[PDB]
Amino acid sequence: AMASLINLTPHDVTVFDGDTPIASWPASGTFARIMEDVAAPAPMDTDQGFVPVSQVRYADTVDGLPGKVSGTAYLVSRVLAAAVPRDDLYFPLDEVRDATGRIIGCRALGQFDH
């Protein structure tokens, strides 16, 4: 039935119903992500000239993502949710922005269908 969500993204997540925030989860301080190692750039010859290109290697595990348990689930980046086919991962869906374009909330959470 009821679950609590822990926010593993760098920003507070707030769901808006119209102008009313109906749920909010503070950034936990932990950022669930697949860690990377960005190599120094090497030059690529393009029509536009020489362009720096870095190879990016990624870990085989996720950092900052707790284990599944009954009754707790996780707010993560959409990119992580796409990469990790777990059914306890939720991401902000339908971003709500202020006039400057800054994200202040979302209209729903999303879950990838597996």
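Numbering starts at 1 and follows the sequence shown.
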| item | value |
| --- | --- |
| Of 30-38 and 79-87, the one with larger mean CA B-factor | 79-87 |
| From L5, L8, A1, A108, residue of greatest CA B-factor | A1 |
| Third of the chain's Cα B-factor distribution that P21 belongs to, per the entry | middle |
| Ranked against its chain, the third holding the CA B-factor of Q48 | highest |
| Where the record places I104 (Cα B-factor, split into thirds across the chain) | middle |
